[PDB]
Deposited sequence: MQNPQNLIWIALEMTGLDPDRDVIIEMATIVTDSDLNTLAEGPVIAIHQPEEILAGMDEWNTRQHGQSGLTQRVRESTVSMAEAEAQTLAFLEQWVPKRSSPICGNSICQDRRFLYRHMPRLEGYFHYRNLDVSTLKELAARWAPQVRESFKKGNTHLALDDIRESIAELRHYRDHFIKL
């Protein structure tokens, strides 16, 4: 089951853009193999936060997490940050050994920074490498401008879209 070549894909939602001042309010994970085939989907967790944190979000986050239903899910959740971290680690441990996988997704530097502050045990579970699908997005936009046009509010859909985007580049942008 564990395989050091498997990939951990993660997507977070936050109350804001500052990893040190804002907090995580949703997380989800998916594990693929090294050739991007989905092995298992992880839990989608809304992380409880006090009401003043929800009220303090800026106008974009207030509207977006409001109409997605996440704000209400956060208020109703009884899962703390630490419980969400432990639940996610308990899933990932079945599929990927410690320190093996890069953190995989779109602009996952932002996600790693939030994990380092708020879920450092989970952050430390990753290899130090980042696998950033948006690096390839930027290169394709400049070098193959319509490989980019040949190619999501639910968490697992967002991650599936990131895996699909990398599959698209492996097939039409990368020379294997």
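Participant: Which parts of the deposited sequence have no C-alpha atoms in the model?
Facilitator: Residues lacking C-alpha coordinates: just 152-155.
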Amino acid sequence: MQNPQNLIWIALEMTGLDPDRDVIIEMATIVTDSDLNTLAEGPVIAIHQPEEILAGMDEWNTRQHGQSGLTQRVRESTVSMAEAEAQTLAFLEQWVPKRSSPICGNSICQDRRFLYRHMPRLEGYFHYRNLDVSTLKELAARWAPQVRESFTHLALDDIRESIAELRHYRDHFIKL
From here on, numbers count along this sequence of modelled residues.
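Participant: When the Cα temperature factors in the entry are averaged, is it 6-14 or 152-160 that ends up higher?
Facilitator: Per the deposited B-factors, the answer is 152-160.
Participant: Looking at the deposited entry, does 142-150 or 127-135 carry the larger mean Cα B-factor?
Facilitator: So the stretch with the higher mean C-alpha B-factor is 142-150.
Participant: Have a look at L70, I108, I47, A55 and flag the one whose Cα has the highest B-factor in the entry.
Facilitator: Of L70, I108, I47, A55, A55 has the highest C-alpha B-factor.
Participant: Taking the chain's C-alpha temperature factors as the reference, tell me which third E59 falls into: lowest, middle or highest.
Facilitator: As the PDB entry reports it, the C-alpha B-factor of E59 lands in the highest third of its chain.
Participant: Report the third (lowest, middle or highest) to which the CA temperature factor of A90 belongs, ranking only the modelled residues of the same chain.
Facilitator: For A90, whose C-alpha B-factor we compare with every modelled residue in the chain, the answer is the highest third.
Participant: Pull the Cα B-factor of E41 out of the PDB entry and bin it into the chain's lowest, middle or highest third.
Facilitator: Its C-alpha B-factor, which the entry lists for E41, ranks in the middle third among residues of this chain.
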